[PDB]
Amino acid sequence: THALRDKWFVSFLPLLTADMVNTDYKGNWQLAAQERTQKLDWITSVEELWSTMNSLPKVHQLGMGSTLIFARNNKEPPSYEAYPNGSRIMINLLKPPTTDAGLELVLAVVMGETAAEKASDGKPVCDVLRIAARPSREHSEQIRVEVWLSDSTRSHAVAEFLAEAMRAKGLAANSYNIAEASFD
C-alpha cells in the first residue's frame, strides 16, 4: 500500500516464431518485436503493480521466449541504445520460495518509491525491468529478471545490495544467481 517512483509502462512480448517474421515482417525481427508487443498500461502504485501481475498467469507460466517489460516513463519498446553509459544485472531465480521473494525484492528495489532510494544511495538509476519465463525439466518455475541501469558505475553497489538482501531473506545459495554484464 505505497507509491512507485514516477510511472512505469507495462508490456508483454511473446515468443517470436520464424515463419511469421519471414512472411509478415519480411525477416525483420526488430520490426516483428515492435508489432507483436502487447501493451498493457501505466502503473503508478503498488496496488496497480500487483493488479497488473494478478491479471496474467504466474511469471514462470508466461512462456519460454516471452518477456514482461516495465519501463519508467516510456510506453515504446525499450532499447539498449538509450543508455550509452549503462549496463545490466541478471538475476536467475530457480525455484520457490526464491522466485517469489526475489521477484518481490527486485520489483521493490527498482520501482518502489522508498525502496529505490535505499538501494541507490539516494539517486535511483534502474530504468527498465525485463522478466523472462525460463522453465526447464529440472526447474519448472525458473525465471530471469534483467535490470537495465542508466549508469554503469552504480552496478557494483546495486548488485551487492541485492546480494545482501537475498541472503537476509534466508534464501538458499543454490536457488539463485546474480551477475553483472554489459548490454553487448
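Throughout, we count residues from 1 along the sequence that is shown.
Across the two stretches, 90-98 and 109-117, the PDB entry reports the greater mean Cα temperature factor for 109-117. Of the two segments examined, 142-150 and 121-129, it is 121-129 that shows the higher average Cα temperature factor in the deposited entry. When the modelled residues of the chain are ordered by C-alpha B-factor, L56 sits in the middle third. The entry lists a Cα temperature factor for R36 that places it in the lowest third of the chain's modelled residues. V158 sits in the highest third of its chain by CA B factor, as recorded in the PDB entry.
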